[PDB]
Each structure stands twice: as structure tokens, then as C-alpha cells.
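The data below hold one chain only, encoded as C-alpha cells and taken in the form deposited in one PDB entry.
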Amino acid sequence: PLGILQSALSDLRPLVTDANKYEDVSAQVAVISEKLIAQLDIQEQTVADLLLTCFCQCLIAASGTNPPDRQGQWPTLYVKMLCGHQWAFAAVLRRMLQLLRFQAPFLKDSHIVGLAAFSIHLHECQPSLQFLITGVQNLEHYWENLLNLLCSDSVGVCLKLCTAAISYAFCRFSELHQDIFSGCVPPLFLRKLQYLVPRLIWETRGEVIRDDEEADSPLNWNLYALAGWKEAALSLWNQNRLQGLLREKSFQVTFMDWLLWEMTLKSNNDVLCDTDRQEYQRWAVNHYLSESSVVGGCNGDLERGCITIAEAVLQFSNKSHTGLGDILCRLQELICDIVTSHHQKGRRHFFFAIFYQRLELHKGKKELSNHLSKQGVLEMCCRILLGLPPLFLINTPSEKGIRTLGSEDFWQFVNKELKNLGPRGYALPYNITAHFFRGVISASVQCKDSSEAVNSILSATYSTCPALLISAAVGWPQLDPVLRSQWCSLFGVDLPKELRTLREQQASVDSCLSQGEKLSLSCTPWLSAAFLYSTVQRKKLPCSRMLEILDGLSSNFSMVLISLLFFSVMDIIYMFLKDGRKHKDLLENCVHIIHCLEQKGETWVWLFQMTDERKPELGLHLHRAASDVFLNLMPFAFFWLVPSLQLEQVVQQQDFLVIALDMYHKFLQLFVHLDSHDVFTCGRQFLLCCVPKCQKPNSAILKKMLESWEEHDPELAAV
């Protein structure tokens, strides 16, 4: 079956020497007549390399008699025959894939030219392949896959190839007006030889000289008797007809496609040393940075440069990576020229804007598919800030003869779209809450005092952006030596008065836990109850040894006992989302509640209310530090822990019923069972014994329906 196939398919070469006078047809009829009978199986893995190779053979057979200009009426015919079938033309594609992926690094130097000429001739026939494993579209959705995988793994081959699917097309498909010629070759080959050449082959970047002695002449078809691959792709980049062709729009290269090619080329694959791979870029960036905007580029707007780089980085996420690090180093190389200038007119606002607009597209709530992309882009938004620090980009000083050091930005980004980033809820992670401190330490040099500015910053930080101090406290032990060393490195004097009170509080806590000394209180009941909580929770000590050491008689006591209830009902959850069912610390809260009762009341509902109607100050200094992933999930905890109490939760409380309903409304808007929604009866019971506004028996019968509002809104007016 195949022996005769190899014979026939090999009986072609003798024909094509001089007698190529339309007789290469009946042999094609025979090829097709005998081909009728025949995971990369062996039937296909072998026939492919048999059809293809006949090309690499016949081409070289005929390229000795005459060049391709005059001959070349067989190839179109052979390829039209091949494409005439379906179960074979779909094997050559995958075979060439495997043959340029695995063996590509070393196959041959003349089994290549026998692949370009099969690419091109696969273009002038525009065949149909709508059905295939992956490629659903026409070829144009196949060249890009191949070329991209290849230039990501192997570079030298990509150029060895691109510069051979061109030279075969200025010889062939010549002698025709320059208006329709450009439709023969595909665009991407040129759109990529506009990129590779000046990367590998220097001397052609625009530095040295333009040598030209043979510019207007059909270049020699010498690839079969050549001298190297550095004069077949340079005797082409210097031909006028091409160098004047890389100006159309059908194939441009702009400063958002350069990245997505260079930002995915992993070292250990390239062919350039480090201190050349880091000159290519510094040349490129500074060539798409002095280029018009109608073309891909930005005139001189460093701002626009950084903007584009960030917008590209965000569009690649779709850990350890090497290429991305170079881009994130060029960011610094660019920015460090800004902070040392103190624009005061174009300031950090130009940057953060990007995030806000990349973070609105994912507002179309759906089936657990966009939230993921949201946090995935957010983690990258964070990784960046850690990748373009001179470490005080996040600081907005001023100038009126002095420098004030304020930071009016990064306080909104945090309060809005960063606090909902990491675990533990109320806190941030310990990789971004150190940049702010190691930044105020490093920007406190410009001023004249260097010990007062820091105090002003950290005194302002109490009102706005409190979620940073808590993230420090929760992560202080691995943060003290850092600063204690930085300061001594720069100045070498005592510390200020607002970076050591935290140390004093930690030390007091520690020295008081071992024995017990009725801990004091620094008039700040949402700080001094974070230390006290985190130390315990890390050293595994229980409750009894947590609040047994408070000395509250008339000072700030209830607040230090409510902050703990908050921090204790925001970690019942981190132990639910994290592969769990229920955690045993609610006893701590049932004890804190009894301790608040022993005092003069000091109600606890400020937490379980989302609006800002009458929530006292700390009650809205707390929720301004949480994450909207939890606050949308409190009712769960509310109805978990409530049933452990009765006969005092209402009759001596204020605004209970209202809050219970405000919650039970949201307990439904989550989904769209018996072990989760059982407080039906609970809410039904609290009514019969509550602060009777009207509540005679109406709301005891209305819970038998889905209208907690059909009559409640009016049933409150009678209060």
C-alpha cells in the first residue's frame, strides 16, 4: 500500500528538471488515486513526514535548473490536491507543530525552507478548516499560536524561519504591482521580523551607519548555497522595497504588543547574556517613548509610559517569574526620576486611577466567576506597589519653604479597594503595611526636624486609615527590629514619641500576662485591645487569662470590651470560609457580654447595624477597617451566637427588633438549609417577648409569609 506510494510520490523528482510543461498532473492524479487508501497515531505520524518531505526534496531538485520565478506551477497544484482531502491536511498541521516544538532546537538547516514554502502556499489557497481540535478559525488563528509558542521557547528558529517565508516571496510572486503584492505573505511574519532582528542582530538598531550598495534588485535565492543566517536576513532588512513597506497599518508594532511578547519570554531559553538583555530594553522603551501617538507610542509623557506598562501587566495575569521582573525594574528606572523632582502638579493621582477603572468592569455579579478575577487583579495591584518602590512613591510632600510630609493618597485606595484583600479580616498582610512605615522613615530625611513630621503623620493616621495601625499591632514582633535598625542606620539617635508607645504597650501586656498587674489603658480602646488579643491568640492562652487583668472601674473599659467582641466575631468567620463548620470561641463572647452586663449596661448592637444613623464614634472607626466580604456575612454569626442567650437580650436592650429584622432580611438575599436556616423559629419567638411597640400578635402572624415589610414600616410609625 505504501511502498508503491513512496515510489509514485518519489517518481515526481525525475519529471521536474526541464520538462515541467504541465505534465506534472497525471502523476498527481496517481498520487491522489493511491492515497485514497490509508494522539498522533502511526498511520498519520508517518504519512505526514512522507507528504511533506517530498516538498523539501522536489523544491531542491528544481532549484538547481532554474530559480523559482519561472517555474512553480506544480506546488500550488500539489497543495490544492492535498487540501482536497480532509483527514490528512489536518495531520500536517499538528505534525509541523510537534516538529517545530520538540525537535526544533536541532533538526536540520534545509528541512526549514521546506516548511516556509508550505506555509505560504497554504495562504494563496485560503482553504477551510472550520472543524479541528483547537483551531476553530481560519489559519490566522493558527500562525499566532505556533509562532508565539516558538518564540517563547526557541528564538533563533523563529528568525531562521521568518526570514525564509519572506525571501521565497520576493523571488516568487514578484513582477506585479506593489498594491496587491502585500496580500500574498501573511502579516504576522513581518509584524515579528520588525521585532526580532534588532533584538538579536545589533548593528541595525539605528546607531552606526546605513550601508547600501545593492538596494534595488531581486535578492539572490542563495539559501541552498549560502554562507550563514546573518546575511540572508540582513540582505533583506536593507532592501528598499521592504524597509519602505513596514509603515502600513496592516502590520504595525505598538507599545502594548512589544510587552506582551517580551513580558512572556523566560530566561534560560533566550540567547543573550543578562547585560545585553538589559540593554535591548533600555533601548526599546526609550524608542517607543520618543515616538508619536498616531503610531504606537507616547510623545514624551513618562506618565503615559508607566500607565501603559501597568495596564499591560494587569492584562497578563490571565510566585516566581523572570521576564516580568525586568519590566518591573524599568518602572523603577523611570519613576525614580519623578520622586526626586517633586512635580507637585502631576502627582500620584495619575497612577491609582488605572486600578479604579480596571476594578469596575467586574461588577456584573455572576456565578462565582468575576469575584475571583477581582481578587486576582487586586493581588497584582499589590504586587506592583512592591515592585516600583523607591519606597516613598506613596507619600505626598509639599513645598512652601518647608515640607509637611502628608499623604492624602493611599488612604482612599486602602479604605476602598485594598482592605478587602487578605485573610484575618480586619487586617492587612505583612508585606504592604511595612512600606508605609519604612517610607515615613525614609522620607523623614528631607525635613529639618525628622522627629516631628513622623509624629504628625502617625497622629493623623488615627482618624483616617486606622486599618494600618491594627495591621501593625497584629504584626509588630516581626516589625520592630526593622525600624529599630533603619533609624540607627540613618540618624543614630533616640526614637520618636509615637513609634515607641506601641513598644511600651506590647511590653506592658507581656509583663502583665505572666503574673497579672491590672494593665493600664492608653486612652485608645481600639489599639490596646489588638495587642491583648493577638498575643493571646498566638500563645494559645485561653479567655480567663485574657480579661481577668482589666482594671476598669470608671475609665475606658466597655470600649476595650467591645473591640474584643468585634475581633472575636470577625474570626468566627475566618474559621468558616477556611474549610470549617463552626469554631468554639463564642464562649468568649458570651462571657464578654456578661461582663458588660455587670457594668451599667453598655449595650452591644452598634456592630450589627450597617447604616450610620446613631452608631457612636468607635462604632464607625471599626467598620472602616473591615472587609465587605465579611460585613455581607455577619448575619450568619449573629444568628449562630444569639440562641445562647435570652431574657436579657431585649427587655433591657435598645433597638433589638429593628436590628433583628434588618438582618433576617439579608439572611435571605444571600442565596439565589435545615442545618443553616433554623432561626426561623428563633425570630418568631423573640417577638412574643420584646420591646412592645405594637407587637401584639401581628408580627407573630406575618412571619408566616415573606413580608417583613408589608406592614412593619407602618407598624413602626406607632412607636
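Between two forms, the rigid core is defined as the largest C-alpha subset superposing within 1.5 Å. Heads up: residue numbers just count along the shown sequence, starting at 1.
The discussion below concerns the form deposited in another entry, not included here.
Superposing the rigid core between the shown form and the other one leaves a single residue from 396, 556, 412, 535 with a C-alpha shift of at least 2 Å: 396. Residue 648 shows a C-alpha shift of 2 Å or greater between the shown form and the other one [criterion: core-superposed Cα displacement of 2 Å]. Once the rigid core is used as the reference frame, the Cα position of residue 705 differs between the shown form and the other one by less than 2 Å. After superposition on the rigid core, the Cα of residue 87 moves by 2 Å or more between the shown form and the other one. Annotation for the pair residue 563/residue 594: C-alpha atoms approach each other in the other form, by 3 Å or more compared with this form. If you compare C-alpha positions, residue 596 and residue 617 are 3 angstroms or more farther apart in the other form than in the form on display.
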